[PDB]
Amino acid sequence: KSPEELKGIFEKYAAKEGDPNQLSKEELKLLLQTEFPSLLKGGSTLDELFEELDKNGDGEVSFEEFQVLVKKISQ
């Protein structure tokens, strides 16, 4: 979807507590599973995926990092 939509969707799951605009491993999992079951681009887990992504979002995934994930998925 467009950045606007990806942002909206991201925020839907990121807007909990602690940080309202970063998906934790939990919220990343929840987002992926709920919104993108068709695109579970992980493995026999998503730990590795998480570690691969989080070279930035301090144990979570910022919007940029997520949009980059979507970019990767799309590619």
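In table form, for the structure just shown:
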{"quantity": "Alpha-carbon Debye profile of the chain, log10 I(q)/I(0) at 0.21 Å⁻¹", "calculated": "-0.89"}
{"quantity": "Dipole magnitude (debye, nearest 20) for the chain, charges at Cβ of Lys, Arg, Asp, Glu", "calculated": "360"}
{"quantity": "Stretchable slack from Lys41 to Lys7, in nm (0.36 nm times residue separation minus alpha-carbon distance)", "calculated": "10.3 nm"}
{"quantity": "Once exposed loop trypsin sites (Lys or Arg not before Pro) are cut out (DSSP; at most 11 other Cβ, 10 Å), longest piece of the chain", "calculated": "2-54"}
{"quantity": "The chain: most fluctuating residue of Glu60, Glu48, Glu27 per GNM, C-alpha cutoff 10 Å", "calculated": "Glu48"}
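No Cβ is skipped: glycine too gets one built from the backbone with ideal geometry, and neighbour counts run over all protein chains shown. Laboratory data are not the source of any read-out in this text; all were calculated from the coordinates shown.
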